[PDB]
Structure formats: structure tokens, C-alpha cells
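Peer 1: For reference, this is start_33.tsv, and it has TSV, N, CA and C atoms and all ligand atoms.
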chain	number	residue	atom	x	y	z
A	1079	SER	N	139.64	41.62	34.08
A	1079	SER	CA	139.00	42.74	33.40
A	1079	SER	C	139.20	44.02	34.20
A	1080	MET	N	139.13	45.16	33.51
A	1080	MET	CA	139.19	46.45	34.19
A	1080	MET	C	137.81	46.99	34.54
A	1081	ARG	N	136.75	46.48	33.91
A	1081	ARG	CA	135.38	46.91	34.17
A	1081	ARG	C	134.72	45.85	35.04
A	1082	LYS	N	134.69	46.10	36.34
A	1082	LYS	CA	134.08	45.16	37.28
A	1082	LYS	C	132.56	45.20	37.14
A	1083	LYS	N	131.96	44.06	36.79
A	1083	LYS	CA	130.51	43.99	36.66
A	1083	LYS	C	129.85	44.36	37.98
A	1084	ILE	N	128.76	45.11	37.90
A	1084	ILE	CA	128.03	45.54	39.09
A	1084	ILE	C	126.95	44.52	39.40
A	1085	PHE	N	126.93	44.05	40.64
A	1085	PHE	CA	125.96	43.06	41.09
A	1085	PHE	C	124.96	43.70	42.04
A	1086	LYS	N	123.68	43.49	41.77
A	1086	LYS	CA	122.64	43.95	42.67
A	1086	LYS	C	122.63	43.09	43.93
A	1087	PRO	N	122.27	43.67	45.08
A	1087	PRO	CA	122.28	42.89	46.34
A	1087	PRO	C	121.43	41.64	46.29
A	1088	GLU	N	120.24	41.70	45.69
A	1088	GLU	CA	119.36	40.53	45.65
A	1088	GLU	C	119.86	39.49	44.65
A	1089	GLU	N	120.54	39.93	43.59
A	1089	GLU	CA	121.18	38.99	42.68
A	1089	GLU	C	122.23	38.16	43.40
A	1090	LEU	N	123.08	38.82	44.20
A	1090	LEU	CA	124.06	38.09	44.99
A	1090	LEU	C	123.39	37.18	46.01
A	1091	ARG	N	122.34	37.67	46.66
A	1091	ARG	CA	121.66	36.87	47.67
A	1091	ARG	C	121.05	35.62	47.06
A	1092	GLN	N	120.33	35.77	45.95
A	1092	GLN	CA	119.66	34.63	45.32
A	1092	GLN	C	120.67	33.62	44.80
A	1093	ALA	N	121.80	34.09	44.28
A	1093	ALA	CA	122.81	33.19	43.73
A	1093	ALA	C	123.62	32.51	44.82
A	1094	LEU	N	124.02	33.25	45.86
A	1094	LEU	CA	125.01	32.76	46.81
A	1094	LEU	C	124.41	32.11	48.05
A	1095	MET	N	123.21	32.51	48.47
A	1095	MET	CA	122.63	31.91	49.67
A	1095	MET	C	122.45	30.40	49.56
A	1096	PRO	N	122.06	29.82	48.42
A	1096	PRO	CA	122.02	28.36	48.34
A	1096	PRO	C	123.35	27.68	48.62
A	1097	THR	N	124.48	28.32	48.29
A	1097	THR	CA	125.77	27.71	48.61
A	1097	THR	C	126.08	27.81	50.10
A	1098	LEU	N	125.64	28.88	50.76
A	1098	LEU	CA	125.75	28.95	52.21
A	1098	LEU	C	124.83	27.93	52.87
A	1099	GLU	N	123.62	27.76	52.33
A	1099	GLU	CA	122.71	26.77	52.89
A	1099	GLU	C	123.28	25.36	52.75
A	1100	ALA	N	123.99	25.09	51.65
A	1100	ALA	CA	124.62	23.78	51.47
A	1100	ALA	C	125.64	23.49	52.57
A	1101	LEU	N	126.35	24.52	53.04
A	1101	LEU	CA	127.27	24.32	54.16
A	1101	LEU	C	126.49	24.07	55.45
A	1102	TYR	N	125.46	24.88	55.72
A	1102	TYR	CA	124.64	24.70	56.92
A	1102	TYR	C	124.03	23.31	56.98
A	1103	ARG	N	123.71	22.72	55.83
A	1103	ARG	CA	123.05	21.42	55.82
A	1103	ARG	C	123.99	20.29	56.21
A	1104	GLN	N	125.30	20.51	56.18
A	1104	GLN	CA	126.23	19.48	56.61
A	1104	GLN	C	126.15	19.35	58.13
A	1105	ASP	N	125.79	18.17	58.60
A	1105	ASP	CA	125.53	17.90	60.00
A	1105	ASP	C	126.15	16.55	60.33
A	1106	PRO	N	127.13	16.48	61.25
A	1106	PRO	CA	127.57	17.50	62.21
A	1106	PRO	C	128.63	18.48	61.73
A	1107	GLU	N	129.05	18.41	60.47
A	1107	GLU	CA	130.26	19.12	60.07
A	1107	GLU	C	130.14	20.63	60.22
A	1108	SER	N	128.95	21.20	60.04
A	1108	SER	CA	128.83	22.65	60.13
A	1108	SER	C	128.61	23.16	61.55
A	1109	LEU	N	128.32	22.27	62.50
A	1109	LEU	CA	127.99	22.71	63.85
A	1109	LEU	C	129.03	23.62	64.49
A	1110	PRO	N	130.34	23.37	64.38
A	1110	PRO	CA	131.30	24.30	64.99
A	1110	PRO	C	131.41	25.63	64.26
A	1111	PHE	N	130.78	25.78	63.09
A	1111	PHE	CA	130.96	26.97	62.26
A	1111	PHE	C	129.71	27.84	62.19
A	1112	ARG	N	128.63	27.47	62.87
A	1112	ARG	CA	127.38	28.21	62.78
A	1112	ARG	C	127.34	29.45	63.67
A	1113	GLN	N	128.39	29.70	64.44
A	1113	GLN	CA	128.44	30.86	65.33
A	1113	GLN	C	129.89	31.24	65.51
A	1114	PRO	N	130.18	32.48	65.88
A	1114	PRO	CA	131.57	32.88	66.10
A	1114	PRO	C	132.20	32.07	67.22
A	1115	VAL	N	133.49	31.78	67.06
A	1115	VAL	CA	134.23	31.12	68.13
A	1115	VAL	C	134.23	32.02	69.35
A	1116	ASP	N	133.79	31.48	70.49
A	1116	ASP	CA	133.87	32.19	71.77
A	1116	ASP	C	135.01	31.57	72.56
A	1117	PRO	N	136.21	32.15	72.55
A	1117	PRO	CA	137.35	31.50	73.22
A	1117	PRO	C	137.16	31.33	74.71
A	1118	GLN	N	136.43	32.23	75.37
A	1118	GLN	CA	136.20	32.08	76.80
A	1118	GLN	C	135.27	30.91	77.09
A	1119	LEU	N	134.15	30.83	76.37
A	1119	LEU	CA	133.23	29.71	76.55
A	1119	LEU	C	133.90	28.38	76.21
A	1120	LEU	N	134.72	28.36	75.16
A	1120	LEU	CA	135.33	27.13	74.68
A	1120	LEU	C	136.63	26.79	75.40
A	1121	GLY	N	137.06	27.62	76.34
A	1121	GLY	CA	138.28	27.35	77.09
A	1121	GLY	C	139.54	27.37	76.26
A	1122	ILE	N	139.59	28.21	75.22
A	1122	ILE	CA	140.80	28.31	74.40
A	1122	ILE	C	141.24	29.77	74.33
A	1123	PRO	N	141.77	30.33	75.42
A	1123	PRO	CA	142.08	31.77	75.43
A	1123	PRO	C	143.19	32.18	74.47
A	1124	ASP	N	143.92	31.23	73.88
A	1124	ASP	CA	144.95	31.60	72.91
A	1124	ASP	C	144.40	31.83	71.50
A	1125	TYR	N	143.08	31.71	71.30
A	1125	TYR	CA	142.54	31.68	69.95
A	1125	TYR	C	142.84	32.97	69.19
A	1126	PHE	N	142.56	34.13	69.80
A	1126	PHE	CA	142.76	35.40	69.11
A	1126	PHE	C	144.23	35.77	68.97
A	1127	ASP	N	145.12	35.10	69.70
A	1127	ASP	CA	146.55	35.26	69.45
A	1127	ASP	C	146.97	34.59	68.15
A	1128	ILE	N	146.21	33.62	67.68
A	1128	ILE	CA	146.54	32.88	66.47
A	1128	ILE	C	145.68	33.31	65.29
A	1129	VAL	N	144.38	33.48	65.50
A	1129	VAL	CA	143.44	33.85	64.45
A	1129	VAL	C	143.17	35.34	64.58
A	1130	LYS	N	143.69	36.12	63.63
A	1130	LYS	CA	143.59	37.57	63.70
A	1130	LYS	C	142.30	38.11	63.10
A	1131	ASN	N	141.66	37.37	62.19
A	1131	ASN	CA	140.44	37.82	61.51
A	1131	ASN	C	139.42	36.69	61.56
A	1132	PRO	N	138.67	36.58	62.66
A	1132	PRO	CA	137.70	35.49	62.78
A	1132	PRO	C	136.58	35.63	61.76
A	1133	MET	N	135.98	34.49	61.42
A	1133	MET	CA	134.88	34.43	60.46
A	1133	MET	C	134.12	33.14	60.70
A	1134	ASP	N	132.80	33.19	60.50
A	1134	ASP	CA	131.96	32.03	60.70
A	1134	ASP	C	130.74	32.15	59.79
A	1135	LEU	N	129.93	31.10	59.77
A	1135	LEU	CA	128.78	31.05	58.86
A	1135	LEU	C	127.75	32.12	59.20
A	1136	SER	N	127.52	32.38	60.49
A	1136	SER	CA	126.50	33.36	60.87
A	1136	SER	C	126.90	34.77	60.47
A	1137	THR	N	128.20	35.06	60.50
A	1137	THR	CA	128.66	36.38	60.06
A	1137	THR	C	128.51	36.54	58.56
A	1138	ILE	N	128.84	35.49	57.80
A	1138	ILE	CA	128.69	35.54	56.34
A	1138	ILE	C	127.22	35.67	55.97
A	1139	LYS	N	126.34	34.93	56.66
A	1139	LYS	CA	124.91	35.05	56.40
A	1139	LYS	C	124.43	36.48	56.64
A	1140	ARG	N	124.86	37.09	57.75
A	1140	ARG	CA	124.48	38.47	58.04
A	1140	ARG	C	125.00	39.41	56.96
A	1141	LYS	N	126.23	39.20	56.50
A	1141	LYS	CA	126.77	40.07	55.46
A	1141	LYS	C	125.99	39.93	54.16
A	1142	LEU	N	125.56	38.72	53.82
A	1142	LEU	CA	124.74	38.52	52.63
A	1142	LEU	C	123.36	39.16	52.79
A	1143	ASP	N	122.81	39.15	54.01
A	1143	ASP	CA	121.49	39.73	54.23
A	1143	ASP	C	121.51	41.25	54.24
A	1144	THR	N	122.66	41.86	54.51
A	1144	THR	CA	122.77	43.30	54.69
A	1144	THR	C	123.55	43.98	53.57
A	1145	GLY	N	123.70	43.30	52.43
A	1145	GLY	CA	124.32	43.91	51.26
A	1145	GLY	C	125.77	44.30	51.46
A	1146	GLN	N	126.50	43.58	52.32
A	1146	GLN	CA	127.89	43.94	52.56
A	1146	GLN	C	128.85	43.37	51.53
A	1147	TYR	N	128.38	42.50	50.64
A	1147	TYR	CA	129.17	42.02	49.52
A	1147	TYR	C	128.74	42.74	48.25
A	1148	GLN	N	129.69	43.38	47.58
A	1148	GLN	CA	129.44	44.04	46.31
A	1148	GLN	C	129.67	43.13	45.11
A	1149	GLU	N	130.43	42.05	45.28
A	1149	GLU	CA	130.72	41.13	44.20
A	1149	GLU	C	131.01	39.77	44.80
A	1150	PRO	N	130.83	38.69	44.03
A	1150	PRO	CA	130.84	37.35	44.64
A	1150	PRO	C	132.18	36.92	45.22
A	1151	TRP	N	133.28	37.48	44.72
A	1151	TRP	CA	134.60	37.10	45.21
A	1151	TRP	C	134.78	37.43	46.69
A	1152	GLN	N	134.15	38.52	47.13
A	1152	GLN	CA	134.21	38.93	48.53
A	1152	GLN	C	133.57	37.86	49.41
A	1153	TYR	N	132.46	37.31	48.94
A	1153	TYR	CA	131.79	36.24	49.65
A	1153	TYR	C	132.68	34.99	49.68
A	1154	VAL	N	133.26	34.63	48.54
A	1154	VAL	CA	134.16	33.47	48.51
A	1154	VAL	C	135.33	33.68	49.46
A	1155	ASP	N	135.87	34.91	49.51
A	1155	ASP	CA	137.01	35.20	50.38
A	1155	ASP	C	136.66	35.00	51.85
A	1156	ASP	N	135.45	35.39	52.26
A	1156	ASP	CA	135.07	35.21	53.66
A	1156	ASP	C	134.88	33.74	54.00
A	1157	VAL	N	134.33	32.95	53.08
A	1157	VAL	CA	134.18	31.53	53.35
A	1157	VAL	C	135.55	30.88	53.46
A	1158	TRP	N	136.47	31.26	52.57
A	1158	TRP	CA	137.81	30.71	52.64
A	1158	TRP	C	138.57	31.21	53.87
A	1159	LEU	N	138.29	32.43	54.32
A	1159	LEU	CA	138.87	32.90	55.58
A	1159	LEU	C	138.46	31.99	56.73
A	1160	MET	N	137.17	31.64	56.80
A	1160	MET	CA	136.69	30.70	57.81
A	1160	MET	C	137.45	29.38	57.74
A	1161	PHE	N	137.61	28.83	56.53
A	1161	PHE	CA	138.31	27.56	56.38
A	1161	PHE	C	139.77	27.69	56.82
A	1162	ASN	N	140.47	28.69	56.29
A	1162	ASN	CA	141.88	28.84	56.59
A	1162	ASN	C	142.11	29.07	58.08
A	1163	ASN	N	141.20	29.78	58.75
A	1163	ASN	CA	141.30	29.96	60.19
A	1163	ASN	C	141.25	28.62	60.92
A	1164	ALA	N	140.29	27.76	60.55
A	1164	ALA	CA	140.18	26.47	61.23
A	1164	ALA	C	141.38	25.58	60.94
A	1165	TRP	N	141.86	25.57	59.70
A	1165	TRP	CA	143.03	24.76	59.37
A	1165	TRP	C	144.29	25.28	60.04
A	1166	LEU	N	144.34	26.58	60.34
A	1166	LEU	CA	145.52	27.13	61.01
A	1166	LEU	C	145.54	26.76	62.49
A	1167	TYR	N	144.40	26.92	63.17
A	1167	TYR	CA	144.39	26.80	64.62
A	1167	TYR	C	144.31	25.35	65.09
A	1168	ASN	N	143.45	24.57	64.47
A	1168	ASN	CA	143.20	23.24	64.98
A	1168	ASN	C	144.22	22.19	64.58
A	1169	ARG	N	144.41	21.20	65.44
A	1169	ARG	CA	145.27	20.08	65.09
A	1169	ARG	C	144.60	19.23	64.01
A	1170	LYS	N	145.43	18.61	63.17
A	1170	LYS	CA	144.90	17.85	62.05
A	1170	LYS	C	144.06	16.65	62.48
A	1171	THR	N	144.23	16.17	63.72
A	1171	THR	CA	143.40	15.07	64.21
A	1171	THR	C	142.06	15.52	64.77
A	1172	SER	N	141.83	16.82	64.93
A	1172	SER	CA	140.65	17.29	65.65
A	1172	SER	C	139.39	17.24	64.77
A	1173	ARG	N	138.24	17.17	65.44
A	1173	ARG	CA	136.97	17.15	64.71
A	1173	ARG	C	136.78	18.42	63.90
A	1174	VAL	N	137.09	19.58	64.49
A	1174	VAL	CA	136.86	20.84	63.79
A	1174	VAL	C	137.70	20.90	62.51
A	1175	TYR	N	138.93	20.39	62.57
A	1175	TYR	CA	139.78	20.38	61.39
A	1175	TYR	C	139.19	19.49	60.30
A	1176	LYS	N	138.82	18.26	60.66
A	1176	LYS	CA	138.28	17.35	59.66
A	1176	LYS	C	136.91	17.80	59.18
A	1177	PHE	N	136.11	18.42	60.06
A	1177	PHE	CA	134.84	18.99	59.62
A	1177	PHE	C	135.07	20.13	58.65
A	1178	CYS	N	136.07	20.98	58.93
A	1178	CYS	CA	136.43	22.04	57.99
A	1178	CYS	C	136.77	21.48	56.62
A	1179	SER	N	137.57	20.41	56.58
A	1179	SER	CA	137.96	19.81	55.31
A	1179	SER	C	136.74	19.33	54.52
A	1180	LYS	N	135.72	18.81	55.21
A	1180	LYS	CA	134.51	18.39	54.52
A	1180	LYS	C	133.74	19.59	53.98
A	1181	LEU	N	133.59	20.65	54.78
A	1181	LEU	CA	132.91	21.85	54.31
A	1181	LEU	C	133.60	22.44	53.08
A	1182	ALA	N	134.94	22.42	53.06
A	1182	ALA	CA	135.65	22.99	51.92
A	1182	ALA	C	135.40	22.17	50.66
A	1183	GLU	N	135.29	20.85	50.80
A	1183	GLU	CA	134.95	20.01	49.66
A	1183	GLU	C	133.55	20.35	49.13
A	1184	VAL	N	132.58	20.48	50.03
A	1184	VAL	CA	131.22	20.81	49.63
A	1184	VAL	C	131.17	22.19	48.99
A	1185	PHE	N	131.82	23.17	49.62
A	1185	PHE	CA	131.75	24.53	49.09
A	1185	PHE	C	132.36	24.62	47.70
A	1186	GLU	N	133.51	23.96	47.49
A	1186	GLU	CA	134.13	23.96	46.16
A	1186	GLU	C	133.17	23.43	45.11
A	1187	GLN	N	132.43	22.37	45.44
A	1187	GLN	CA	131.51	21.78	44.48
A	1187	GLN	C	130.34	22.71	44.19
A	1188	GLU	N	129.78	23.35	45.21
A	1188	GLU	CA	128.59	24.17	45.01
A	1188	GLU	C	128.91	25.52	44.38
A	1189	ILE	N	130.07	26.10	44.68
A	1189	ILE	CA	130.33	27.48	44.27
A	1189	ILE	C	130.68	27.56	42.79
A	1190	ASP	N	131.24	26.49	42.21
A	1190	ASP	CA	131.71	26.55	40.82
A	1190	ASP	C	130.59	26.88	39.84
A	1191	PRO	N	129.49	26.11	39.76
A	1191	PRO	CA	128.44	26.47	38.80
A	1191	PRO	C	127.81	27.82	39.09
A	1192	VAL	N	127.80	28.24	40.36
A	1192	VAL	CA	127.21	29.52	40.71
A	1192	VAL	C	128.07	30.67	40.18
A	1193	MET	N	129.39	30.57	40.32
A	1193	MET	CA	130.23	31.63	39.76
A	1193	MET	C	130.14	31.68	38.25
A	1194	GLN	N	129.94	30.54	37.59
A	1194	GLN	CA	129.72	30.57	36.15
A	1194	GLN	C	128.41	31.27	35.81
A	1195	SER	N	127.37	31.05	36.62
A	1195	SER	CA	126.09	31.71	36.34
A	1195	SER	C	126.18	33.22	36.54
A	1196	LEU	N	127.01	33.67	37.48
A	1196	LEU	CA	127.16	35.10	37.74
A	1196	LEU	C	128.06	35.80	36.74
A	1197	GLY	N	128.92	35.07	36.04
A	1197	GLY	CA	129.79	35.67	35.04
A	1197	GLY	C	130.88	36.56	35.61
B	1	LIG	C1	137.37	23.89	68.84
B	1	LIG	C2	136.63	25.20	69.08
B	1	LIG	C3	136.00	25.66	67.78
B	1	LIG	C4	134.56	25.63	67.41
B	1	LIG	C5	133.46	25.16	68.30
B	1	LIG	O1	132.39	25.73	68.17
B	1	LIG	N1	133.61	24.16	69.17
B	1	LIG	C6	132.48	23.66	69.95
B	1	LIG	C7	131.65	22.70	69.11
B	1	LIG	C8	130.33	23.08	68.90
B	1	LIG	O2	129.87	24.24	69.45
B	1	LIG	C9	129.46	22.30	68.15
B	1	LIG	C10	129.92	21.12	67.60
B	1	LIG	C11	131.24	20.73	67.79
B	1	LIG	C12	131.63	19.53	67.20
B	1	LIG	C13	132.93	19.07	67.34
B	1	LIG	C14	133.83	19.82	68.08
B	1	LIG	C15	133.45	21.02	68.68
B	1	LIG	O3	134.44	21.65	69.39
B	1	LIG	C16	132.14	21.50	68.54
B	1	LIG	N2	134.38	26.13	66.17
B	1	LIG	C17	135.53	26.50	65.59
B	1	LIG	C18	135.63	27.08	64.20
B	1	LIG	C19	136.63	26.23	66.55
B	1	LIG	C20	138.07	26.54	66.25
B	1	LIG	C21	139.03	26.78	67.38
B	1	LIG	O4	138.44	26.63	65.10
Just dump the structure as C-alpha cells.
Peer 2:
Amino acid sequence: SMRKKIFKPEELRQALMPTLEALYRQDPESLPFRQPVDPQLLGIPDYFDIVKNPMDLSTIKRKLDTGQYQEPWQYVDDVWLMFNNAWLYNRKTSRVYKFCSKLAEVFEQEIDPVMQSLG
């Protein structure tokens, strides 16, 4: 469409926060994603050489709380950025990679009816 529907901040928050909470509820799968990757603490100094645009659950939560999303696709894009970052950097045998794959399955399931409700 050429006429982008306007979403109120609280409309986006009420619709989308339950899908973020569904990711947070995955335990242990969400544990590596609840805070930004700290490459120095984690002993992986090559991280920012590979991941140019970091993203995590706490950043997305803050963006939802502060009205930084004007439409739901922006929120979906940030969640997918988090996923694609983990699938890019981590080896396929690693816990973070397999945990990412589980979160993406959960997010796909939860986000579909919500995007239909938002129109
Ligand atoms: C591997 C480092 C890393 C974490 C992380 O936080 N590792 C430390 C960690 C925890 O802080 C809590 C639970 C973990 C459960 C398994 C493996 C971990 O490592 C875990 N999160 C992301 C997105 C990455 C990368 C590079 O993509």
C-alpha cells in the first residue's frame, strides 16, 4: 500500500510486547539474548568485526518502551536482526546457534496472529 497505517505507541506496545515476552520465557534458550553481547567479557574480541549491527532482547524491549517503533515491521526487523546476527557468528554446533533457532521458531508462531490483528 502507499498509505502506511499510523500506529499509536501504546497500540504497538500492547500488541507486540506479548511476543517479546514469549521469547523471554524460553529458558535456557533466551539467556544469551537478554543483554547485549559484551565481546570483552565473553572473550570474543572478533565479534564486532563480524556483526556490524548488534541487537538483543533488552534493546528491543527498550525501543518498544520508548516509542522507537512507528510500525510493527520495524520491530520484526530488529528481532530478525538479532537472529541473523547469531546465525552468522556462531558455529552451527554451538548452544547460542541452536538456542537462536528455537527462538526463531517461537517468534514465527507468536508474531503471525499479532500481525493479522494489527492489519
Ligand atoms: C557466545 C557469546 C554470545 C552470547 C552470550 O551471552 N554468551 C554467554 C551466555 C550467557 O550469558 C547466558 C547463557 C548462555 C548459554 C549458552 C551459551 C552462552 O554462551 C551463554 N549471546 C550471544 C547472542 C552470543 C553470540 C556471539 O552470538
Peer 1: Restricting the calculation to all atoms listed in the file, which member of A:1143, A:1186, A:1134, A:1149 is positioned closest to ligand LIG 1 (chain B)?
Peer 2: A:1134
Peer 1: Residues at most 12 Å from residue 1188 in chain A, counting only C-alpha atoms, excluding those fewer than 2 positions away in the same chain, as a CSV table (one decimal) with N, CA and C atoms, keeping the file's coordinate frame?
Peer 2:
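The resulting selection.csv:
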chain,number,residue,atom,x,y,z
A,1093,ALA,N,121.8,34.1,44.3
A,1093,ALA,CA,122.8,33.2,43.7
A,1093,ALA,C,123.6,32.5,44.8
A,1094,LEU,N,124.0,33.2,45.9
A,1094,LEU,CA,125.0,32.8,46.8
A,1094,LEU,C,124.4,32.1,48.0
A,1095,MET,N,123.2,32.5,48.5
A,1095,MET,CA,122.6,31.9,49.7
A,1095,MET,C,122.4,30.4,49.6
A,1096,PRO,N,122.1,29.8,48.4
A,1096,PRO,CA,122.0,28.4,48.3
A,1096,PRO,C,123.4,27.7,48.6
A,1097,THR,N,124.5,28.3,48.3
A,1097,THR,CA,125.8,27.7,48.6
A,1097,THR,C,126.1,27.8,50.1
A,1098,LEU,N,125.6,28.9,50.8
A,1098,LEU,CA,125.8,29.0,52.2
A,1098,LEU,C,124.8,27.9,52.9
A,1099,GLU,N,123.6,27.8,52.3
A,1099,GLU,CA,122.7,26.8,52.9
A,1099,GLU,C,123.3,25.4,52.8
A,1100,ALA,N,124.0,25.1,51.6
A,1100,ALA,CA,124.6,23.8,51.5
A,1100,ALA,C,125.6,23.5,52.6
A,1101,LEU,N,126.4,24.5,53.0
A,1101,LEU,CA,127.3,24.3,54.2
A,1101,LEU,C,126.5,24.1,55.4
A,1154,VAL,N,133.3,34.6,48.5
A,1154,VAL,CA,134.2,33.5,48.5
A,1154,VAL,C,135.3,33.7,49.5
A,1181,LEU,N,133.6,20.6,54.8
A,1181,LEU,CA,132.9,21.8,54.3
A,1181,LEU,C,133.6,22.4,53.1
A,1182,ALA,N,134.9,22.4,53.1
A,1182,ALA,CA,135.6,23.0,51.9
A,1182,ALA,C,135.4,22.2,50.7
A,1183,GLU,N,135.3,20.8,50.8
A,1183,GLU,CA,135.0,20.0,49.7
A,1183,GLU,C,133.6,20.4,49.1
A,1184,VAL,N,132.6,20.5,50.0
A,1184,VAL,CA,131.2,20.8,49.6
A,1184,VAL,C,131.2,22.2,49.0
A,1185,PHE,N,131.8,23.2,49.6
A,1185,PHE,CA,131.8,24.5,49.1
A,1185,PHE,C,132.4,24.6,47.7
A,1186,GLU,N,133.5,24.0,47.5
A,1186,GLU,CA,134.1,24.0,46.2
A,1186,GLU,C,133.2,23.4,45.1
A,1190,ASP,N,131.2,26.5,42.2
A,1190,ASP,CA,131.7,26.6,40.8
A,1190,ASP,C,130.6,26.9,39.8
A,1191,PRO,N,129.5,26.1,39.8
A,1191,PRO,CA,128.4,26.5,38.8
A,1191,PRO,C,127.8,27.8,39.1
A,1192,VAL,N,127.8,28.2,40.4
A,1192,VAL,CA,127.2,29.5,40.7
A,1192,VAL,C,128.1,30.7,40.2
A,1193,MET,N,129.4,30.6,40.3
A,1193,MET,CA,130.2,31.6,39.8
A,1193,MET,C,130.1,31.7,38.2
A,1194,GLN,N,129.9,30.5,37.6
A,1194,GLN,CA,129.7,30.6,36.2
A,1194,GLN,C,128.4,31.3,35.8
A,1195,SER,N,127.4,31.0,36.6
A,1195,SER,CA,126.1,31.7,36.3
A,1195,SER,C,126.2,33.2,36.5
Peer 1: Given the point (141.2, 22.2, 58.2) in the coordinates of this file, which residues lie within 8 Å, counting all atoms listed in the file, and how would they look as a list in words?
Peer 2: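 Using all atoms listed in the file, the matching residues come out as residues 1161, 1162, 1163, 1164, 1165, 1166, 1167, 1168, 1169, 1170, 1174, 1175, 1176, 1177, 1178, 1179 and 1180 of chain A.
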Peer 1: In Å, how far is it from CA of residue 1111 in chain A to CA of residue 1124 in chain A?
Peer 2: 18.2 Å
Peer 1: Closest to ligand LIG 1 (chain B) among A:1196, A:1189, A:1115, A:1080, using only C-alpha atoms and all ligand atoms?
Peer 2: A:1115
Peer 1: Just add N, CA, C and O atoms to range 1120-1133 of chain A and send it as a PDB file, in the frame of the given file.
Peer 2:
ATOM      1  N   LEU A1120     134.720  28.360  75.160  1.00  0.00           N
ATOM      2  CA  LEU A1120     135.330  27.130  74.680  1.00  0.00           C
ATOM      3  C   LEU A1120     136.630  26.790  75.400  1.00  0.00           C
ATOM      4  O   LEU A1120     137.227  25.758  75.097  1.00  0.00           O
ATOM      5  N   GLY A1121     137.060  27.620  76.340  1.00  0.00           N
ATOM      6  CA  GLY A1121     138.280  27.350  77.090  1.00  0.00           C
ATOM      7  C   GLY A1121     139.540  27.370  76.260  1.00  0.00           C
ATOM      8  O   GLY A1121     140.477  26.625  76.552  1.00  0.00           O
ATOM      9  N   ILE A1122     139.590  28.210  75.220  1.00  0.00           N
ATOM     10  CA  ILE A1122     140.800  28.310  74.400  1.00  0.00           C
ATOM     11  C   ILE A1122     141.240  29.770  74.330  1.00  0.00           C
ATOM     12  O   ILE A1122     141.128  30.407  73.272  1.00  0.00           O
ATOM     13  N   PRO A1123     141.770  30.330  75.420  1.00  0.00           N
ATOM     14  CA  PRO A1123     142.080  31.770  75.430  1.00  0.00           C
ATOM     15  C   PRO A1123     143.190  32.180  74.470  1.00  0.00           C
ATOM     16  O   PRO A1123     143.385  33.381  74.272  1.00  0.00           O
ATOM     17  N   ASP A1124     143.920  31.230  73.880  1.00  0.00           N
ATOM     18  CA  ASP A1124     144.950  31.600  72.910  1.00  0.00           C
ATOM     19  C   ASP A1124     144.400  31.830  71.500  1.00  0.00           C
ATOM     20  O   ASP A1124     145.182  32.125  70.598  1.00  0.00           O
ATOM     21  N   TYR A1125     143.080  31.710  71.300  1.00  0.00           N
ATOM     22  CA  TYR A1125     142.540  31.680  69.950  1.00  0.00           C
ATOM     23  C   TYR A1125     142.840  32.970  69.190  1.00  0.00           C
ATOM     24  O   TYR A1125     143.320  32.940  68.051  1.00  0.00           O
ATOM     25  N   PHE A1126     142.560  34.130  69.800  1.00  0.00           N
ATOM     26  CA  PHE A1126     142.760  35.400  69.110  1.00  0.00           C
ATOM     27  C   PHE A1126     144.230  35.770  68.970  1.00  0.00           C
ATOM     28  O   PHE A1126     144.547  36.674  68.193  1.00  0.00           O
ATOM     29  N   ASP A1127     145.120  35.100  69.700  1.00  0.00           N
ATOM     30  CA  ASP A1127     146.550  35.260  69.450  1.00  0.00           C
ATOM     31  C   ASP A1127     146.970  34.590  68.150  1.00  0.00           C
ATOM     32  O   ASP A1127     148.000  34.977  67.578  1.00  0.00           O
ATOM     33  N   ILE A1128     146.210  33.620  67.680  1.00  0.00           N
ATOM     34  CA  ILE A1128     146.540  32.880  66.470  1.00  0.00           C
ATOM     35  C   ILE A1128     145.680  33.310  65.290  1.00  0.00           C
ATOM     36  O   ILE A1128     146.191  33.500  64.181  1.00  0.00           O
ATOM     37  N   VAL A1129     144.380  33.480  65.500  1.00  0.00           N
ATOM     38  CA  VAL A1129     143.440  33.850  64.450  1.00  0.00           C
ATOM     39  C   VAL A1129     143.170  35.340  64.580  1.00  0.00           C
ATOM     40  O   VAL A1129     142.487  35.784  65.511  1.00  0.00           O
ATOM     41  N   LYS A1130     143.690  36.120  63.630  1.00  0.00           N
ATOM     42  CA  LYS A1130     143.590  37.570  63.700  1.00  0.00           C
ATOM     43  C   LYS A1130     142.300  38.110  63.100  1.00  0.00           C
ATOM     44  O   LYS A1130     141.876  39.216  63.466  1.00  0.00           O
ATOM     45  N   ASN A1131     141.660  37.370  62.190  1.00  0.00           N
ATOM     46  CA  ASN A1131     140.440  37.820  61.510  1.00  0.00           C
ATOM     47  C   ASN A1131     139.420  36.690  61.560  1.00  0.00           C
ATOM     48  O   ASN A1131     139.292  35.912  60.613  1.00  0.00           O
ATOM     49  N   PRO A1132     138.670  36.580  62.660  1.00  0.00           N
ATOM     50  CA  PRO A1132     137.700  35.490  62.780  1.00  0.00           C
ATOM     51  C   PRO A1132     136.580  35.630  61.760  1.00  0.00           C
ATOM     52  O   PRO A1132     136.265  36.726  61.293  1.00  0.00           O
ATOM     53  N   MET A1133     135.980  34.490  61.420  1.00  0.00           N
ATOM     54  CA  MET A1133     134.880  34.430  60.460  1.00  0.00           C
ATOM     55  C   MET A1133     134.120  33.140  60.700  1.00  0.00           C
ATOM     56  O   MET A1133     134.709  32.117  61.069  1.00  0.00           O
TER      57      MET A1133
END
